[PDB]
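As structure tokens, the structure follows; a few thoughts come after it.
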Amino acid sequence: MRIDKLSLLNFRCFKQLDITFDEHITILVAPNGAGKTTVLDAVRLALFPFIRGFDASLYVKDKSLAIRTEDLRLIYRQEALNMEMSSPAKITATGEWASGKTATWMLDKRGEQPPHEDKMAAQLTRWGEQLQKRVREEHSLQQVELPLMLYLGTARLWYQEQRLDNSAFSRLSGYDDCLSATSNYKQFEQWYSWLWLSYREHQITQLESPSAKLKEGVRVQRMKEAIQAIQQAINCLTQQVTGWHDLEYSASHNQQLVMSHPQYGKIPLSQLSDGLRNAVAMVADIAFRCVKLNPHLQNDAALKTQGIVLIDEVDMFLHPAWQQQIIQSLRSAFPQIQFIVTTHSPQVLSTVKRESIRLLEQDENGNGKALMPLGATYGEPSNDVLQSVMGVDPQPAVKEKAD
Amino acid sequence: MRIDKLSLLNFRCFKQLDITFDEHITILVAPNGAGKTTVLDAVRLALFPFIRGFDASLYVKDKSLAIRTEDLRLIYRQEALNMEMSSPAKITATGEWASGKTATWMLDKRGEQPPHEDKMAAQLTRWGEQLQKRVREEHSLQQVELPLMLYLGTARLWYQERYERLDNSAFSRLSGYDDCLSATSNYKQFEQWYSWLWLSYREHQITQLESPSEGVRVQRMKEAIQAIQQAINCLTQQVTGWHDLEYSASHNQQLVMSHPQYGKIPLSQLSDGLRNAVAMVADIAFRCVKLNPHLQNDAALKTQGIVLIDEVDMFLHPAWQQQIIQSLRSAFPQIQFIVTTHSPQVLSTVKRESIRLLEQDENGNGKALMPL
Amino acid sequence: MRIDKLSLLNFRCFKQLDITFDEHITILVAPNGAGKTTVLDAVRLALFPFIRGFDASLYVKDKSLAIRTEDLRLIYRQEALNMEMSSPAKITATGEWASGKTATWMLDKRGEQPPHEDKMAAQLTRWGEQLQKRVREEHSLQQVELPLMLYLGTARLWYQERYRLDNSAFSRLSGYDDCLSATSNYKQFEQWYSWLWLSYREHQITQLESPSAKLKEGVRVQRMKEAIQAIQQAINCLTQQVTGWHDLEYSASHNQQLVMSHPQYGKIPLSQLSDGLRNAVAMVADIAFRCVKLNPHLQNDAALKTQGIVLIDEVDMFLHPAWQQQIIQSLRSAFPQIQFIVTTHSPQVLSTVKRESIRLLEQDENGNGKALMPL
Amino acid sequence: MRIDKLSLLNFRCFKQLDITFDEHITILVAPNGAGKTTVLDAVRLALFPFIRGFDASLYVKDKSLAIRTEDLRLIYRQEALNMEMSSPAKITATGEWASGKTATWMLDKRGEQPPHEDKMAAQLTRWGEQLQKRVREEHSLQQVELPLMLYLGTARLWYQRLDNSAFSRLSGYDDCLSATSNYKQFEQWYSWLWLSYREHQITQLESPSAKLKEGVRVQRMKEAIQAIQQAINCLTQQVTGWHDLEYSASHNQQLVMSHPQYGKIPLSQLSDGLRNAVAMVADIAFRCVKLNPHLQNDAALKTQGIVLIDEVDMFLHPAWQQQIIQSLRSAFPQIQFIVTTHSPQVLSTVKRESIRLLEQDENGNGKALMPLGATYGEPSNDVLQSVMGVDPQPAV
Amino acid sequence: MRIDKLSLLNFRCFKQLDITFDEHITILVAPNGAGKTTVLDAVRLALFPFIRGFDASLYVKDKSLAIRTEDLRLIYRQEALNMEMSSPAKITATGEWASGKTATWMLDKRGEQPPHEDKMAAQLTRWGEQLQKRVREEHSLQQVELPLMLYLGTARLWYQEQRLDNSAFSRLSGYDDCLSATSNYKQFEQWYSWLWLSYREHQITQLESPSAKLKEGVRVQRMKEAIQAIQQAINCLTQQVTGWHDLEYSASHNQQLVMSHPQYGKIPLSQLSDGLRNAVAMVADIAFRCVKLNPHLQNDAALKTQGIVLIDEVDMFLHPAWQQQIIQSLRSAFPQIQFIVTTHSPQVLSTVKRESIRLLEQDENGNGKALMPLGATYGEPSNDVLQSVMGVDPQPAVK
Ligand SMILES: Nc1ncnc2c1ncn2[C@@H]1O[C@H](COP(=O)(O)OP(=O)(O)OP(=O)(O)O)[C@@H](O)[C@H]1O
Ligand SMILES: Nc1ncnc2c1ncn2[C@@H]1O[C@H](COP(=O)(O)OP(=O)(O)OP(=O)(O)O)[C@@H](O)[C@H]1O
Ligand SMILES: Nc1ncnc2c1ncn2[C@@H]1O[C@H](COP(=O)(O)OP(=O)(O)OP(=O)(O)O)[C@@H](O)[C@H]1O
């Protein structure tokens, strides 16, 4: 899918808001308040009707992907004892799906009544069901490429029957917990370790009985090509800056995943710096979902998949020299995916053009605005974008500054 | 939101009944088993649609707020020693909703099918929804006035050892319709709200004493407390001497009252009559204050609506019974009261145009007539 | 287990009070705030040790069954606008426990220390324990008679929409289950009475189908029948004459409910009847089924011959003035051997009672109380 | 469903075995480690496919309901001192699925290759499908009779409607091949049944004029109680004087039995062994009643099927071991019982044709033969010595 | 410890009962109703005060180990509407806590009040505390052997940091769940597998640096002695009848325990007969507790330990040829243990003398008796015992 515009009425901290998104990358910036998380949560709420069109979502019954009563706006008046609600709360999303079907759907809630969806939201659910039914077919010969929907929150580090080849399952399992706020690192490492050990054992039984190479040669090829695809994506981000590359599984290291550096050798990933582990988590989260969704590519599943990814605090635990490389690395690893990210770093903001930047501001009554920066930011020194866009002086207000 | 006339057909003990109500006070007088609770149940069933037009009604668990199969009249065939169920049960109400808006609505049930309402009954829900919509509007010029709606049955009583932070919905005007027609006790709701009032007021006092450096919120809180306290005084002070209900931290964070000869004592340690009368009056008063903030000091004296009281004279001694009706008329001069009793002392100095004596026939045809 | 005299010192509103009780019925008459509930609470506290001498008392959760710091009288000093607490609070009771056994016992509390009792209270507990031991004996020749002990406060009321057997519920001593607590005891009676009726109907069905085993099985049927009719007559002594309703019974046709009948009206469940009828029926049944359970060997004079003390607060709730003129005599007729102590403020309840049964409660400006017979 | 012959080869401990069963009752007799649970598990696997398509048993997928790699026989050489994993595992079953409809099916497994059944077993599966669809109808003059499949193992001893619907009818196949029968569940559901029946009896006492109000769900209850009482009477009424197990509110809210001289006695004062036997018989009768409503009280006396019992004499006094087999025969005269035992008091009351002595040579050439002596009416010592070759004199 | 007599008053199904126990083996027989489980439960309740003085007690809150209200007698009379209890319920035990000192302690409960113990029960707890504190001090030259207390119920098969050498723990862990009614085979298998893997890994480590042989030779020896004793005990029961022996742990069989037969090779224990599994469970349950309680015996912990073992349905899942060998096998593997067992098998009853047999009979009012068989039972044909002690004719009542 793709989202081109969003409109909010009486949502958490916005009386009214209209925001448009860039096709490839758009960065949200907010000097103060909680506007960015509000926008991300609204977008993540607007995408749930599609995921509800898959019975795999039966595994998720979270009471957080629908509008709640506490999401409505409360107005406190200093001179009144009573405090009322603002009703209704509306989320209106304009976008494109089917690669040619433009649409505009809406969700709303009235006070304490259950939330109500309009017709086009049900149509989005139905379009989600069409893909499910067309994928479950066995006689089908035409191939189907599913879209990707992922959410990466700020709590993606706290909480820290496998099947790869095509099937009814193993393709709808790429939508499991795809919009949750918890960490999803265990279900990646288990899958990766199972894949590695099963691939090695398949090769073992292959050279043990070469006569049975009728179909045990293509299977090994697929299990190898998936690993290649994942490793290339991870390297694209880690290698050129830190030197570590080729995430691998080594039974020797107490059944634990490890990486390798040209000079420091092989070390477990669980004992590297915070930034590298965070980056690996993000890129793996995207990549293994991409591969599990489109096995029929098996070498470019990370280079031709389409969808939307939401990232809060993209450059967390990264030093400035790494903050000038994250965005382009994400673009290069996933060239046909929409990214919506939040950031604070002036280093990041100097690596994108002013058309990919939204600055959020709120009025005294709650009216919101999402504007573009007047000045230029592409290829500029950090101190220039620090004061032109964020309004922060580069020379600290030390005692001697007054003179 | 006056109600003027009521009609019943095949309801519990009445084959048919017609009753007319007085604008301010009407008293139903009859012995046990004559149908005094039946009339009040019919009235609250007729009034519930308006409340159904609100969000506070989503938490109503009272199963007696809808017509039930047990409400259909049963006839005893003595020859065959049999009971036969007559159908349908019907409740018709006539009245006025707002200024210059007269209406007639109807409720019905047949056999064991779910109950049914007519066309004009849904417009009552629509009016409730429109009022709720108007209250929730930012930057409005016109004021909205809300009518009071309350049912005080025998479930209100405070017996021995009953011992019956605020949610964000408890700060709304419409929280005045929370369990307003249910068969329940509503004392703890009031106690929490009143304690919050007193603690905020004391906070403002402490700040304006310590470091003078806002001034309208204190006035609002003070006026609210004054309204509620005067309402309770109107009933308790003259007969018993206990006047001023307050929140006290010295007494282990409790509600207390004062006496001139006796000192300051918690409300839970006072007698049955005191506790029940105070709960009864407070139940009306704090809702009056919450529903219409803009009056600010005449909230109890100027609010309109309907209050139903079953057995208004429970736990009150004969000298107290001779004052209850006038005290209620003095505290709330603009409310329509419908009350039931069987005690003659409650009627000592009441006009004959406010009394309805209830009677039936051998076939169950009822009458509700003024005394001669 | 008669009680004859009561004394109070520094107890709630009374600085000191002496009151004497009549052998059968005593009525306390006064307005609100005069101390009618205080006297009954003091009697509860004086009687609770005997019940403490039983196992059923192990499940008592009522915190008002012991003297509390809130029961100590407070004096208001108007000059200083102060409240000062008097100490100690004291309760003295005189009476007779068994035939030819007169006693005087005392309860005390000072300040905020735990309450304390004297020796005779412990002897009362010991008597209770010995009675329990005698009841739990196999192959005994002597009979044991148990006294009734019950408190019916305002917590008994049956308001709108207010409303398998354990092996201990089949004991005689289960007649002392929550007998002095501030609670409602309707469900106990309902469950046990339903069990009675179902067993009786089982026996009827069996004797209709296979008339071959009514020998030493018919005696049990006789006992059940006699118990049912005792309870039914006790309830009839109060409702039939004024209201016309009678013969409470279990009905499976009416969705397995307790039901009453009327000559002009039909047969209707008890939960659909009026307030006065429901409350009067609950009040009388509460005494009747305990009378039946405590003394199985009387078999149909259980209510007519049992002895004990019953305390009733506001005996005339929900009853109209023509019903109030009959309550006292109805209670005396149903239970001729029980000592009743009741409170009221309604004159109609005193229409035809002797003046030697009335105690008017008065106080002076300093808190010294009197409970005097009317002139 | 009836079986007439079973053949095995390369199964757990049998290199090859051929056993022919009896029409009504057959008892497998052998000492420990002689292939009795083996034969019962083989028969249990053989009859599974008929259950796989009943819309309630197509949910349960137990590893014990299909052949496993551990069932493949292992040979010992004694020279290399290693265990040879033989293959393949084979089961071939011969029986009848309906009136005069002979059949023969087979199942196999090789190494780690998942076992693959023949299409002749899918014939049985679709036969079960046809039966379930035929019963699902609500209008037909013909009456559909279902068979009872039941397996009670050595783990049998631990852990609300009789409508003629397609749900209650198919409740008879609930865990039928992994069934358990203890006393607590039995008393629970029997008490519920009796309470529901007494409600209607008392209602008819109070208001005789309303006889016709009910009677669809009531006759079901009455006749089910009659059938269960019949079966339990067949169990207990001869050895002791008890009969007519019943629920009594008067007698302490308990299940009781009646004795012409001793009166009523509660069921909870009996030994824990006889209580479980009563529970077993009652559970079989209740399943029979639920399966075939259209008999309503002879459902137990006219249902057909196969019941497998391992250690039929478990936790039974030597007095009760002499009447269990005849009681089971008298309570269900149209069922095929296959039971395992090693007691000599169990075999002292049956005829030789039912007895099956199991043997196995040094390789696995299993035999299942008949005794050369006699057992019916014989004393315990003669049965011991002749059948089991165990001297009645202890070697002190 | 030892128990010589027991007396019950107003317990579950006995108005009163007196029963004496043989020094080595005593068998309870009851033809009708309950009563054997009642006696076993009473004995198991009379021993809890000892285990209470070891910190492995009602902290875990096994409410079954104290007298409960449902354990009191309850008399139903048909001609009375009421039903009272019989109070109090008393259990009186006479025994010997150690060689030389006899004792008589009592437990009782009155109606619904909490159960009450006399002085000697507290003294028994104090003796347990004495043994605990003496065990916890290693600053001593002389050793003391702990006593064994075990209970094996009928539900012992329903749902079938390791430290061996001496320590503060590893000796008080032999009292964990020693009187519970659940199955305790999982912990045994875990401990046994840990012991075997440690033994093999450490004898492999010996090959690496034999310099520490003097310390790694004794330690390994320990793990090689315990095993031996355990195995021997098992082989005393499951070999002369079936031929299997030498219970072992082998990772090559998917890391599960296996046993060996001369002709059938090595097979996992999970796929053997029911009788073999039951017997192995019982004997292992006794043996590993014996070894964990007295390591210093170090080769005969299963041959010199003392204590009491209670077994309900000892001969369950055993064929008659094996029912003539169980009792002597138990006596041979554990020659200094007291055994109290229940059976209803004539084969078992013919292998013991009439002095070791108690027949339980109950009166109409609940009075109980535990008598001895009048006739002889030692070395007699099965039927003689069948109709002499149990009153069952050997000729079935066929048509
Ligand atoms: N379904 C029914 N059919 C016929 N009569 C009924 C039915 N349900 C109730 N009744 C009778 O109608 C009477 C109505 O009495 P109700 O309690 O309403 O009046 P009241 O006694 O004056 O009031 P209260 O004492 O509650 O203040 C009930 O007492 C009962 O006798
Ligand atoms: N600790 C105390 N010290 C002094 N006075 C007290 C204290 N506690 C309560 N009181 C006063 O004593 C009065 C006793 O009145 P009480 O409730 O006992 O009698 P009543 O009104 O006749 O009874 P009821 O209405 O409950 O039938 C209470 O109302 C209260 O005013
Ligand atoms: N895969 C196998 N290969 C070889 N022998 C096996 C295999 N599985 C089990 N066995 C042997 O088969 C025998 C199992 O006997 P079985 O399970 O039939 O018990 P049973 O004692 O005859 O019956 P019951 O359980 O009724 O007492 C044992 O000897 C066991 O060693």
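We label chains A, B, ... in the order they appear in the structure tokens, count residues from 1 in each chain, and number ligands from 1 in the order shown.
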Would you tabulate, counting only C-alpha atoms, all residues of chain B that have an atom at most 7 Å from an atom of chain A, showing the closest pair of atoms and their distance in Å to one decimal, sorted by chain then ascending number, as JSON lines?
{"residue": "B:55", "atom": "CA", "partner": "A:112", "partner_atom": "CA", "distance": 6.3}
{"residue": "B:136", "atom": "CA", "partner": "A:86", "partner_atom": "CA", "distance": 6.1}
{"residue": "B:171", "atom": "CA", "partner": "A:82", "partner_atom": "CA", "distance": 5.3}
{"residue": "B:172", "atom": "CA", "partner": "A:82", "partner_atom": "CA", "distance": 5.2}
{"residue": "B:173", "atom": "CA", "partner": "A:82", "partner_atom": "CA", "distance": 6.2}
{"residue": "B:216", "atom": "CA", "partner": "A:79", "partner_atom": "CA", "distance": 6.0}
{"residue": "B:217", "atom": "CA", "partner": "A:79", "partner_atom": "CA", "distance": 5.3}
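With a cut-off of 6 Å and using only C-alpha atoms and all ligand atoms, the polymer residues contacting ligand 1 are residues 12, 13, 31, 32, 33, 34, 35, 36, 37, 38, 70, 71, 72, 73 and 74 of chain B; 272, 273, 274, 275 and 276 of chain C.
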task: Throw together the list of residues within 7 Å of ligand 3, counting only C-alpha atoms and all ligand atoms, and drop it here as a PyMOL selection string.
output: (chain D and resi 12-13+30-39+70-75+310-311+340) or (chain E and resi 264+267+271-275+317)
Would you write out, as CSV, a table of all residues in chain E that have an atom no more than 6 Å from an atom of chain C, listing for each the closest atom pair and the distance in Å to one decimal, considering only C-alpha atoms and ordering rows by chain and rising residue number?
residue,atom,partner,partner_atom,distance
E:79,CA,C:220,CA,5.3
E:82,CA,C:171,CA,5.2
E:83,CA,C:171,CA,5.3
E:84,CA,C:171,CA,5.4
With N, CA and C atoms retained, write the just-selected residues as a CSV table (one decimal), in the first residue's frame.
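selection-v6.csv was written with the following content:
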chain,number,residue,atom,x,y,z
E,79,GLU,N,-33.7,-41.9,61.5
E,79,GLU,CA,-34.9,-41.5,62.2
E,79,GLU,C,-34.7,-40.1,62.8
E,82,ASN,N,-31.2,-34.3,62.1
E,82,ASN,CA,-29.9,-33.7,62.4
E,82,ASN,C,-28.8,-34.8,62.3
E,83,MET,N,-27.6,-34.3,62.0
E,83,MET,CA,-26.4,-35.2,61.9
E,83,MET,C,-25.2,-34.5,62.5
E,84,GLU,N,-24.7,-35.1,63.6
E,84,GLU,CA,-23.6,-34.5,64.4
E,84,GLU,C,-22.3,-35.2,64.1
message: Among stretch 144-295 of chain A, which residues does DSSP mark as strand (DSSP E) when it is run on the backbone? Keep the chain and numbering as in the structure and answer as a list in words.
response: residues 148, 149, 150, 151, 152, 245, 246, 247, 248, 249, 250, 256, 257, 258, 259, 260, 261, 265, 266, 267 and 268 of chain A
task: Could you give me, as a PyMOL selection string, every polymer residue with an atom at most 6 Å away from an atom of ligand 2, counting only C-alpha atoms and all ligand atoms?
output: (chain B and resi 269-273) or (chain C and resi 12-13+31-38+70-74)
query: Which of these residues is nearest to chain C, using only C-alpha atoms: D:178, D:375, D:321, D:204?
result: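 Using only C-alpha atoms, chain C sits closest to D:204.
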task: Please determine the contact residues of chain C with respect to chain B at a cut-off of 8 Å, counting only C-alpha atoms, and supply them as a ChimeraX atom specification.
output: /C:31-33,75-78,81-83,153-155,159-162,182,264-267,273-277,317,319-321,345-346
Got time to write the residues from that selection, N, CA, C and O atoms, as a CSV table (one decimal), in the first residue's frame?
chain,number,residue,atom,x,y,z
C,31,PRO,N,-37.8,8.9,70.5
C,31,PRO,CA,-37.6,9.4,69.1
C,31,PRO,C,-36.2,9.1,68.6
C,31,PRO,O,-35.4,8.4,69.3
C,32,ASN,N,-35.8,9.7,67.5
C,32,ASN,CA,-34.5,9.4,66.9
C,32,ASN,C,-33.4,10.0,67.8
C,32,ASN,O,-33.5,11.1,68.4
C,33,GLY,N,-32.3,9.2,67.9
C,33,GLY,CA,-31.1,9.7,68.6
C,33,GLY,C,-31.3,9.5,70.1
C,33,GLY,O,-30.5,10.1,70.9
C,75,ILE,N,-17.5,13.8,75.3
C,75,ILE,CA,-18.1,15.0,75.9
C,75,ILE,C,-17.6,16.2,75.2
C,75,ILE,O,-16.4,16.3,74.8
C,76,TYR,N,-18.6,17.1,74.9
C,76,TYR,CA,-18.3,18.3,74.2
C,76,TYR,C,-18.1,19.5,75.1
C,76,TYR,O,-19.0,19.8,75.9
C,77,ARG,N,-16.9,20.1,75.1
C,77,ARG,CA,-16.6,21.3,75.9
C,77,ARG,C,-16.8,22.5,74.9
C,77,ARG,O,-16.1,22.7,74.0
C,78,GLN,N,-17.9,23.2,75.2
C,78,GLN,CA,-18.3,24.3,74.3
C,78,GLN,C,-17.4,25.5,74.4
C,78,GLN,O,-17.1,26.2,73.4
C,81,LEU,N,-14.4,24.4,72.5
C,81,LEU,CA,-14.8,23.7,71.3
C,81,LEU,C,-14.0,22.4,71.1
C,81,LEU,O,-13.4,22.2,70.0
C,82,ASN,N,-14.1,21.6,72.1
C,82,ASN,CA,-13.3,20.4,72.1
C,82,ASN,C,-14.1,19.2,72.4
C,82,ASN,O,-15.3,19.3,72.9
C,83,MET,N,-13.6,18.0,72.1
C,83,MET,CA,-14.2,16.7,72.4
C,83,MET,C,-13.2,15.9,73.2
C,83,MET,O,-12.1,15.7,72.8
C,153,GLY,N,-31.6,-6.9,63.5
C,153,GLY,CA,-31.5,-5.5,63.3
C,153,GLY,C,-32.0,-5.0,61.9
C,153,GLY,O,-32.6,-5.8,61.2
C,154,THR,N,-31.6,-3.8,61.6
C,154,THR,CA,-32.1,-3.2,60.3
C,154,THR,C,-31.3,-3.8,59.1
C,154,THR,O,-31.8,-3.6,57.9
C,155,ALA,N,-30.3,-4.6,59.3
C,155,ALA,CA,-29.6,-5.3,58.2
C,155,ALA,C,-30.4,-6.4,57.7
C,155,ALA,O,-30.0,-7.0,56.6
C,159,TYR,N,-34.8,-5.3,50.5
C,159,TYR,CA,-35.1,-4.2,49.7
C,159,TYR,C,-35.2,-4.7,48.2
C,159,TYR,O,-35.1,-5.9,47.9
C,160,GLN,N,-35.6,-3.8,47.3
C,160,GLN,CA,-35.8,-4.1,45.9
C,160,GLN,C,-34.6,-4.8,45.2
C,160,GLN,O,-33.6,-4.1,45.2
C,161,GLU,N,-34.8,-6.0,44.7
C,161,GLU,CA,-33.8,-6.7,44.0
C,161,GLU,C,-32.6,-7.1,44.8
C,161,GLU,O,-31.4,-7.1,44.3
C,162,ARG,N,-32.8,-7.3,46.1
C,162,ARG,CA,-31.6,-7.7,46.9
C,162,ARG,C,-31.2,-9.1,46.6
C,162,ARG,O,-30.0,-9.4,46.7
C,182,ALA,N,-24.7,-8.6,62.5
C,182,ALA,CA,-25.5,-7.6,61.7
C,182,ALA,C,-25.5,-8.0,60.3
C,182,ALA,O,-24.7,-7.5,59.4
C,264,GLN,N,-58.4,-15.0,47.0
C,264,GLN,CA,-58.9,-14.2,45.8
C,264,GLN,C,-57.8,-14.1,44.8
C,264,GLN,O,-58.0,-14.3,43.6
C,265,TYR,N,-56.6,-13.7,45.2
C,265,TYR,CA,-55.4,-13.8,44.3
C,265,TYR,C,-54.9,-15.3,44.2
C,265,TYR,O,-55.3,-16.1,45.1
C,266,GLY,N,-54.1,-15.5,43.3
C,266,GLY,CA,-53.8,-16.9,43.0
C,266,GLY,C,-52.6,-17.4,43.9
C,266,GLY,O,-52.6,-17.3,45.1
C,267,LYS,N,-51.6,-18.0,43.2
C,267,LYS,CA,-50.4,-18.6,43.8
C,267,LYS,C,-49.2,-17.9,43.2
C,267,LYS,O,-48.9,-18.0,42.0
C,273,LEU,N,-44.1,-10.3,45.9
C,273,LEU,CA,-45.1,-9.8,46.8
C,273,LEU,C,-44.6,-8.4,47.4
C,273,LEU,O,-43.5,-8.0,47.0
C,274,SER,N,-45.4,-7.8,48.2
C,274,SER,CA,-45.1,-6.4,48.6
C,274,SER,C,-44.0,-6.4,49.7
C,274,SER,O,-43.6,-7.4,50.2
C,275,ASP,N,-43.6,-5.2,50.0
C,275,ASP,CA,-42.5,-5.0,51.0
C,275,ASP,C,-42.8,-5.5,52.3
C,275,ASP,O,-42.1,-6.3,53.0
C,276,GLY,N,-44.0,-5.1,52.9
C,276,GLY,CA,-44.4,-5.5,54.2
C,276,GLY,C,-44.5,-7.0,54.3
C,276,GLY,O,-44.0,-7.6,55.3
C,277,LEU,N,-45.1,-7.7,53.3
C,277,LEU,CA,-45.2,-9.1,53.3
C,277,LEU,C,-43.9,-9.8,53.3
C,277,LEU,O,-43.6,-10.7,54.1
C,317,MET,N,-41.2,-1.9,60.6
C,317,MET,CA,-40.9,-1.4,59.3
C,317,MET,C,-41.8,-2.0,58.2
C,317,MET,O,-42.0,-3.2,58.2
C,319,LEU,N,-44.9,-2.0,57.6
C,319,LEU,CA,-46.2,-2.4,58.0
C,319,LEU,C,-47.1,-1.2,58.1
C,319,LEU,O,-46.7,-0.2,58.8
C,320,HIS,N,-48.3,-1.3,57.6
C,320,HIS,CA,-49.3,-0.2,57.6
C,320,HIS,C,-50.0,-0.2,59.0
C,320,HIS,O,-50.0,-1.2,59.7
C,321,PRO,N,-50.6,1.0,59.3
C,321,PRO,CA,-51.1,1.1,60.7
C,321,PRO,C,-52.1,0.0,61.2
C,321,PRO,O,-52.1,-0.2,62.4
C,345,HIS,N,-40.8,3.6,67.5
C,345,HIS,CA,-41.2,4.9,67.7
C,345,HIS,C,-42.7,5.2,67.3
C,345,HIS,O,-43.1,6.3,67.3
C,346,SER,N,-43.4,4.1,66.9
C,346,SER,CA,-44.7,4.3,66.3
C,346,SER,C,-45.8,4.0,67.4
C,346,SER,O,-45.8,2.9,68.0
message: Could you list, as a PyMOL selection string, every residue within 7 Å of residue B:357, counting only C-alpha atoms and ignoring same-chain residues fewer than 3 positions away?
response: chain B and resi 28-30+368-371
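For the set A:91, A:247, A:283, A:333, the residue with the smallest atom-to-atom gap to residue A:259 is A:247, counting only C-alpha atoms.
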message: Excluding stretch 88-95 of chain E and its own-chain neighbours fewer than 5 positions away, which residues fall within 9 Å of it when counting only C-alpha atoms? Please give them as JSON, numbers by chain.
response: {"E": [1, 2, 3, 4, 5, 6, 7, 8, 9, 10, 11, 12, 42, 43, 45, 46, 67, 71, 72, 73, 101, 102, 103, 104, 105, 106, 107, 108, 109, 110, 111]}
Suppose we keep C-alpha atoms; can you now write the selection as a short mmCIF file (atom, residue, chain, number, x, y, z; two decimals), in the first residue's frame?
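File selection-v3.cif, as written:
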data_model
loop_
_atom_site.label_atom_id
_atom_site.label_comp_id
_atom_site.auth_asym_id
_atom_site.auth_seq_id
_atom_site.Cartn_x
_atom_site.Cartn_y
_atom_site.Cartn_z
CA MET E 1 12.67 -44.81 63.92
CA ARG E 2 10.11 -47.58 64.40
CA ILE E 3 6.40 -47.93 65.20
CA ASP E 4 5.20 -50.81 67.38
CA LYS E 5 1.52 -49.98 67.95
CA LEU E 6 -1.20 -47.60 66.78
CA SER E 7 -4.54 -46.56 68.26
CA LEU E 8 -7.31 -44.61 66.54
CA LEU E 9 -10.42 -42.96 67.99
CA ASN E 10 -13.18 -41.39 65.88
CA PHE E 11 -11.07 -41.36 62.73
CA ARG E 12 -12.47 -41.62 59.20
CA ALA E 42 -3.14 -42.47 60.04
CA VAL E 43 0.43 -43.79 60.20
CA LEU E 45 -0.04 -38.47 59.79
CA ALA E 46 1.69 -39.79 62.92
CA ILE E 67 -5.91 -33.85 60.53
CA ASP E 71 -11.38 -36.79 58.66
CA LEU E 72 -13.74 -36.79 61.66
CA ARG E 73 -16.49 -39.38 62.00
CA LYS E 101 14.30 -44.81 73.95
CA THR E 102 10.64 -45.72 73.56
CA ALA E 103 7.98 -43.03 73.19
CA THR E 104 4.22 -42.56 72.96
CA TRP E 105 2.90 -39.44 71.25
CA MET E 106 -0.59 -38.28 70.34
CA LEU E 107 -2.39 -35.99 67.90
CA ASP E 108 -5.98 -34.86 68.33
CA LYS E 109 -8.58 -32.53 66.85
CA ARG E 110 -11.77 -31.13 68.40
CA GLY E 111 -14.51 -30.38 65.88
#
message: I want to know what sits within 9 Å of stretch 263-268 of chain D, based on only C-alpha atoms, with residues of the same chain fewer than 3 positions away left out; could you give that as a ChimeraX atom specification?
response: /C:213 /D:242,245,251,254-260,271-272,275
